[PDB]
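Step one of this worksheet: look at the structure below.
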Amino acid sequence: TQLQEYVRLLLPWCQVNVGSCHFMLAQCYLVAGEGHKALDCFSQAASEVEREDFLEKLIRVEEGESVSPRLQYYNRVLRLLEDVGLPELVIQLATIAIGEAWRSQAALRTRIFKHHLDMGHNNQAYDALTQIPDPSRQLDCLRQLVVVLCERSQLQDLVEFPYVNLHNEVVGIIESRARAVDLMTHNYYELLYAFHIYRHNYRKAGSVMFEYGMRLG
Amino acid sequence: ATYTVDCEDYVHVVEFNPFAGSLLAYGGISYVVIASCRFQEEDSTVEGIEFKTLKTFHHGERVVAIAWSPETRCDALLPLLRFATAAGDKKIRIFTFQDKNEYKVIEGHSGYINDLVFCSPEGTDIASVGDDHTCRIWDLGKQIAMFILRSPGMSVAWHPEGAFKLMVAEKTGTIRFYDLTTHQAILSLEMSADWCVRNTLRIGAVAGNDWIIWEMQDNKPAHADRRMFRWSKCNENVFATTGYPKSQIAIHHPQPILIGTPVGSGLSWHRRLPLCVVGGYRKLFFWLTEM
Amino acid sequence: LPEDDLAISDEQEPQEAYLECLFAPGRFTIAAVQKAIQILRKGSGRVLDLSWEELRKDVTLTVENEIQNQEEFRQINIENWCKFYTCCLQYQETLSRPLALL
C-alpha cells in the first residue's frame with residue numbers, strides 16, 4: 001500500500017529514471033492487482049542489470065542470469081506472472097523469450113512444458129505440438145499436453161487439428177490416447193472419436209476397440 | 001443460466017452501442033474476434049442468449065482497447081464494421097479489411113495508451129489519453145489536437161448526448177471536464193472516471209476502491225462508497241465492479257456479490273443492460289442479471 | 001525572505017502553490033493550522049482525528065467554498081490564501097517564544 005502510494009514518485013526527472021525503477025513499478029502493480037499496468041511497465045523496461053548487488057529484488061533475475069543470458073528477462077517475467085496467476089501474459093513472454101533467444105534451451109523448454117500444462121489455455125499450440133516429435137523423442141510432452149487439451153474438450157476443433165499434424169505422429173499419439181480412452185469413463189464419445197481417426201487410417205482397430213468396450217459394458 | 005464459450009485469444013471486451021447492435025468484440029493478440037449475440041434458444045426457453053463467433057479479424061498486433069463507430073452497418077450478410085482501436089505499439093487506428101487509419105509518429109502518443117473513445121458530431125471524433133501525459137483529439141479533413149494533462153490520462157469519455165464535452169481521468173486523481181469547442185478546462189475535481197445517464201451524473205473510481213458520485217451547491221461528491229467502475233447503461237443507480245486478480249464480481253447500487261466465476265480480463269454490459277459479457281483467460285461469458 | 005505571486009501555469013494554479021507554501025514553512029505546527037481552520041469555520045478537537053492529507057484537503061476545500069465566481073476569481077482566491085497563511089503564522093509565532101536551553 002505504501003509502495004503503491006509512492007508509485008508516482010518512482011517516475012520523476014529523466015536523469016533519475018532507470019529500468020530498475022520501472023521494474024519496481026511493474027512488481028507494485030502485480031501486488032496491488034493492477035496486472036495490466038504491470039505488463040506495460042515490464043514491456044517498456046528491460047532488466048539487463050545482471051550484476052547489481054544492491055537490490056534484493058534483482059536476485060530472482062540474477063539467479064537465472066548466472067545460468068543464462070538476456071532472454072532471461074522475459075523468462076523471469078514469465079515466471080513472475082505464473083507465481084501471481086496471470087496466464088495470458090505469462091505465455092506471451094515465454095514466446096518472447098524463445099524469439100529473443102544448448103543447456104539453456106533444454107532448461108527453458110522443460111519450463112515451457114510445466115508452465116503451458118498449468119495454464120491449459122496456451123496449450124492450443126498444435127503446430128508447436130507437432131514441432132516437438134519431429135526434432136526428437138519428446139512424444140510424451142505431446143501425450144500429456146494433448147490430454148490437457150482433451151480436458152478443454154472441444155472435440156470437433158480438437159480432432160480437426162490432428163489432420164494438420166503428421167499421420168505417423170497422429171497414429172502414435174491417438175493410439176496412446178486410445179489406450180488412455182480405456183479409462184472406463186462414462187465418456188462413450190471418446191471411442192467414437194477414436195473410430196473417426198481409425199476411419200482416416202486402415203480402420204482395423206475401431207472394430208477391436210468396440211469389442212473391448214462391449215466386454216467392459 | 002449463463003452462456004459460456006471457450007476463446008483462443010483474449011484482451012479487452014466491448015459491446016456494440018453506437019449504431020449490427022447485438023454483436024461483441026474481443027480484443028486479442030492477433031486482433032479482434034467479432035461475435036454475435038443471438039436471442040434464440042432451440043429448447044424454446046427464451047432469455048437464453050448465445051454467442052456466435054462470426055469471424056476473426058487479423059491485424060498482427062495486440063488490441064488493448066477498442067470502441068465501435070456508429071458508421072458500422074450490416075448489409076445483406078456482409079458486415080461493414082468500423083472500429084477505433086488501440087494497438088501495442090502505442091497506435092490509435094481507425095479500421096474500415098479495406099483500410100486502416102494510423103495515428104502514430106510525432107503526432108501520436110509516445111507512451112502506453114490507456115483508453116480511447118469515439119463520438120459523432122458533423123464528422124467523427126476520436127479522443128485518447130496516454131501515459132505520455134497528453135490527451136489528443138482526432139477530428140474526422142484530418143485535424144488533430146494535443147493537450148497536456150497534469151499526469152497520465154487513465155481514461156477518457158465523451159459527454160453522452162453532448163459531443164463537445166468530454167471527461168478525462170488523470171492517474172493522480174484529477175478529473176477534468178474538457179470542452180474542445182470552448183475554453184479547454186471547464187471544470188476540475190480532486191482506475192477510471194466516466195459519465196452516467198444523459199451525462200446527468202459523473203463517477204470517479206480509484207484502485208483502492210473508493211468511489212465518488214457527483215450529480216453535476218459546491219463541487220463536493222454527493223455520496224461515496226467502495227473497484228473500477230463499470231456503468232449499467234439504462235439504470236443510473238446500478239453500478240458494477242469486479243475483482244480482476246477468485247473472480248469476484250460485485251453489483252453495487254447494501255453490498256451484493258452476484259457473480260463468482262478464474263481471473264477476469266475485462267467485462268462490459270449488454271447494449272440494453274440484460275446481460276454482462278465477461279472475458280476470462282480461457283472463456284467468454286454471458287451472465288443474465290435481473291434487478 | 002518569502003515571496004509570492006500569481007502563476008501562469010508552470011507551478012500549477014495558486015491554490016496548489018499556497019497549499020504547499022502553507023504546509024512546508026519551518027515556522028509551522030499542526031495545532032496553529034487547526035486553530036486557523038476554526039476561524040474560517042467552527043470546530044475544535046475533531047480536526048485532530050484527521051489524517052495529514054485530510055487536513056490539507058479541509059484547508060483547501062474551506063478556502064475554495066468561500067470564494068465565488070476569471071481574473072477577479074484568481075485575485076480573490078489569492079487573497080483568501082494570503083489571509084489564511086497570515087492567521088496560521090500569527091497563532092504559530094506565539095510558539096516561537098523560547099522557554100529553556102539544555
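Going by the C-alpha cells order, chains are called A, B, ..., each with residues numbered from 1, while ligands are numbered from 1 in the order shown.
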Which residues come within 12 Å of residue 14 (chain C), counting only C-alpha atoms, excluding same-chain residues fewer than 5 positions away, as an NGL selection string?
-> :C and (4-9 or 19-22 or 60 or 63-64 or 73-82)
Just the residues within 9 Å of residue 92 (chain C), please, counting only C-alpha atoms, with nothing from its chain fewer than 2 positions along; format it as a VMD selection string.
-> chain C and resid 27 to 29 31 to 33 87 to 90 94 to 96
Can I get the residues of chain B within 12 Å of chain C, each with the closest pair of atoms and their distance in Å to one decimal, using only C-alpha atoms, sorted chain first then ascending number, as a tab-separated table?
residue	atom	partner	partner_atom	distance
B:148	CA	C:9	CA	11.6
B:149	CA	C:12	CA	11.6
B:150	CA	C:12	CA	8.9
B:183	CA	C:70	CA	11.8
B:186	CA	C:70	CA	11.6
B:189	CA	C:61	CA	11.1
B:190	CA	C:57	CA	9.3
B:217	CA	C:65	CA	9.4
B:218	CA	C:65	CA	6.7
B:219	CA	C:65	CA	8.6
B:220	CA	C:61	CA	8.8
Would you kindly return, as a PyMOL selection string, each protein, DNA or RNA residue with an atom no farther than 12 Å from any atom of residue 172 (chain A), considering only C-alpha atoms and excluding same-chain residues fewer than 2 positions away?
-> chain A and resi 133+137+139-140+142-143+162+165-170+174-179+197
Write out as a PyMOL selection string each polymer residue whose atoms come within 10 Å of residue 190 (chain A), counting only C-alpha atoms; drop sequence neighbours fewer than 6 positions from it.
-> chain A and resi 150+155+177-178+180-182+196
Any chance you could list, as a PyMOL selection string, the residues in chain C that come up alpha helix (DSSP H) when DSSP is run on the backbone?
-> chain C and resi 14-23+30-39+52-66+71-93
Give me the chain B side of the contact with chain A, cut-off 7 Å, one line per residue showing its nearest atom pair and distance in Å at one decimal, counting only C-alpha atoms, sorted by chain and residue number, as CSV.
residue,atom,partner,partner_atom,distance
B:112,CA,A:40,CA,7.0
B:244,CA,A:33,CA,6.9
B:245,CA,A:33,CA,5.6
B:281,CA,A:88,CA,6.2
B:282,CA,A:121,CA,5.6
For the selection just defined, write its residues with C-alpha atoms to a file, as a JSON list (two decimals), in the first residue's frame.
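again20.json, written as the output of this step:
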[["chain", "number", "residue", "atom", "x", "y", "z"],
["B", 112, "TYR", "CA", 1.06, 3.47, -23.27],
["B", 244, "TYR", "CA", -9.56, -8.74, -11.66],
["B", 245, "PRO", "CA", -6.90, -10.97, -9.93],
["B", 281, "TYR", "CA", -8.40, -16.16, -19.63],
["B", 282, "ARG", "CA", -9.89, -19.17, -21.47]]
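Note that the spacing between CA of residue 187 (chain B) and CA of residue 169 (chain B) amounts to 12.3 Å.
By only C-alpha atoms, and with residues fewer than 6 positions from residue 77 (chain A) along its chain excluded, the set lying at most 10 Å from it is residues 23, 26, 27, 39, 42, 43, 60, 61, 83, 89, 90, 93, 94 and 97 of chain A.
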Among C:11, C:55, C:50, C:93, residue 26 (chain C) is approached most closely, using only C-alpha atoms, by C:93
Selection near residue 117 (chain B), 12 Å with only C-alpha atoms, sequence-local residues under 3 positions removed, as a ChimeraX atom specification = /B:14,18,65-69,83-86,92-94,113-114,120,124-129,135-138,155-160,163,166-168,194
Taking into account only C-alpha atoms, which residue in the set C:49, C:99, C:10, C:72 is nearest to residue 30 (chain C)?
-> C:49
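Here CA of residue 133 (chain B) stands at a distance of 19.1 Å from CA of residue 29 (chain A).
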Among region 30-265 of chain B, which ones does DSSP place in strand (DSSP E or B), written as a ChimeraX atom specification?
-> /B:33-38,50-56,63-68,73-74,79-80,83-87,91-95,100-103,113-119,125-130,134-139,143-148,153-158,165-170,175-179,185-189,192-196,201-205,211-214,223-225,230-231,239-242,248-252,259-260,264-265
